[PDB]
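The chain that follows stands alone, in the form deposited in one PDB entry, written as C-alpha cells.
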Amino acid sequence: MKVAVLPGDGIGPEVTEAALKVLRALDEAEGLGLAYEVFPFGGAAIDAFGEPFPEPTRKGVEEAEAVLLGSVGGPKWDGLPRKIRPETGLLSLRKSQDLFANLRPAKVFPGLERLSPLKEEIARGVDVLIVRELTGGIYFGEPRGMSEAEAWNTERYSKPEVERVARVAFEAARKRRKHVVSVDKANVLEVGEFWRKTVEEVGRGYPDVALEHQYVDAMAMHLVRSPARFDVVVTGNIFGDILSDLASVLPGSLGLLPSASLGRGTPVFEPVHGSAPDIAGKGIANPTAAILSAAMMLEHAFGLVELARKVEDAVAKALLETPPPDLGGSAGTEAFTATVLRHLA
C-alpha cells in the first residue's frame, strides 16, 4: 500500500496525522502492508522550493498507489503570481495524473439528522455519491470570448470524455447500492442528448446496475425533497458543480465531507474543508473528513470496501459520543481520533 502523503497547509498536517493514525492501526490489525512518505506541497512547498508542486513530490505521487492530501492555501500565499499560487499546485497535480472524475459523497450519519437543513424524515438515510466530470464542458470549451456587445462560451463534449466518467460512476455504484442516475438536459440541449445517449451505451456493460436519467432542473428538486432515494449520481462538469454543492449542504457541516479524484494516474483523496489557518496548531481541528477521505482511499484506490465501511462506522459512532468543537463539542483532534480507534477495535 504505497501512499504519498501531501499534508499541505494550515490544519492539513493536523488532520492528516489523524488519518494516518487510523491507517497505521488498521495495518497493525489486517496487515495491509502500508508504506507512506510525506511530501511538501502547496504553501509549504512554496516556502522551501519556490513552487507549490516540487519535483520530489511530482515524482513521489507518480510512484505512489494513492495520494492522501491535506489542505492547501493560506492568506500568506494567496496573492502571488498564478504560476506559483498554492491553488495552482492542485491543478498541476490533477493535470499530471489525468484525474477526470471528482467524487463527492454526502451522508447523514445515523444520529446527526439534527444538523441537516432538511426535516428529519427527509435527511434520515441520505448517502449520495456525486461523480462529476472535471475536464470538459462549458468550462473549457472553445470558442469563448467577450466584447461590449456580447460574450460567448461553448459547452462541448466528446464520446471518450463521457465514457470515462460514466465508467467510474458505474464502477463506484457496483461497490454501493448499484443504482446510478445520469443527469443532463437532453430535452433541450444537444449535449444533453449526446450525454444520455453515450451513458446508455456504457450502461450496457453494467446490466446489473440500475441506470436512470434525470434532467438537471428536475434533479435539483429531488435532492432537496427526497435525497435519500439516491445512490450514485453522475453528471457533466458545470452541473457537477451545482449538484455537488447542493448535495454538500445536506449533511450540515463542511468538516465531515471527504473527496476524491480518480483518473488514469494516481488517485487523490482529500477533505473538502479549507486550510483554516487561524485554528492551525491549536489542536481542535475536526479530522472526520481526512479520516473519511482515508476510508474512501481504502474503498477506491485499493478496493477494500469492507474496511472502508468499518472506518466510517467508527467515525459515525465517534461523532455521537465525542463531537469535535464544530459539532458543539470538546473532543479535539487527538482525543476524537482516539475514540475512533476504540471502535475500530
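For every residue, the number given is its place in the sequence shown, counted from 1.
The form deposited in another entry is left out here; the points below concern that form.
Could you find the option in 210, 252, 122, 190 that lands on the hinge when one rigid part rotates against the other between the shown form and the other one?
Looking at the options, the one at the hinge is 252.
Quick one: in the other entry, is the Cα gap between residue 298 and residue 175 smaller or bigger than here? Answer closer or farther; it shifts by 3 Å or more.
More distant in the other entry, by 3 Å or more.
Classify the change in Cα distance between residue 298 and residue 179 in the other entry as closer or farther, relative to the shown form (magnitude of 3 Å or more).
Result: farther.
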